[PDB]
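Just one chain is shown here, as structure tokens, and it is the form deposited in one PDB entry.
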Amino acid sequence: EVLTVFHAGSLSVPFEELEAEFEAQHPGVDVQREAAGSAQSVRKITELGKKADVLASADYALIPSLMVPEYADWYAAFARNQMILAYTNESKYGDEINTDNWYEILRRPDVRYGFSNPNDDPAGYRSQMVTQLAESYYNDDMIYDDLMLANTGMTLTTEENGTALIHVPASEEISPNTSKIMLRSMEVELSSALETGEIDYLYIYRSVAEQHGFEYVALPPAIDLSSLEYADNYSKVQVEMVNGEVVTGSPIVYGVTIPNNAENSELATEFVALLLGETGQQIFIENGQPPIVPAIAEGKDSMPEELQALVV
């Protein structure tokens, strides 16, 4: 019949290849995908009342915080990624940019940069997390102020334990300084802006940069949300969306679930089995998006038995 998949924008390229593989082994199946920012993909199910067979997110923790237990009973952590600052040969100061000086280039008034909507998209809130965490790493308590506070409607407070809390207003009230910032609904619409030279820099994932042939600044492991060992450092920044939901700096870990209100749950089991199996792993390696092999799952007693063999 019809397989409805809601997935992250960074998952577009591997999910296209996964679709072609799934339709080759299942002839009468039409896989319709809706790519959006992960929080918005989750909000399709939990708030708009839309039904999906597969939900895959760029931040696994959106599943237990927003879906469990009304819309989901389990999740499996399947992939990793890394935040970089992407650019081309047409980008200003691209010859002179590195790990040590990226934010000073971003500080310049003739330099325009891009990130996605933090209310809707993990990459959008991660850009904020990366930028704030840079303050303690580089011993410069004005990086977040110069780049984000002076140019948007976002505000910062400090929690009692020392954690920085970024407040995101309504999406229309973010009101970016057009000279400095291009904002988009999802991270994958800004790729066309970086190609044409409309922006100079772009906070996106390493997998996406490799998918477009972009040059990238390899940001430090302490701030780039890539390494498990730096999880205690990443947790010192939180982002609050307009609806009052709080996301926490953590390593970038992708998560999949089959919702409770899925129409084709039996067929959804097979897609996720393909995803977690050796075929799915290979597709993810090829697109520069490190798979978690074997996949880490919670709520295993609620999982289908076919999928229980593939998880930890």
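Heads up: residue numbers just count along the shown sequence, starting at 1.
Although not depicted, the form deposited in another entry is the subject of the following passage.
In this comparison between this form and the one not shown, the chain bends at a hinge between two rigid parts; from 45, 148, 237, 81, that hinge is at 81.
Distance between the C-alpha atoms of residue 167 and residue 40: longer in that other deposited form than here (change of 3 Å or more). Whereas the displayed form keeps them at a certain spacing, the CA atoms of residue 282 and residue 229 lie at least 3 angstroms closer in that other deposited form.
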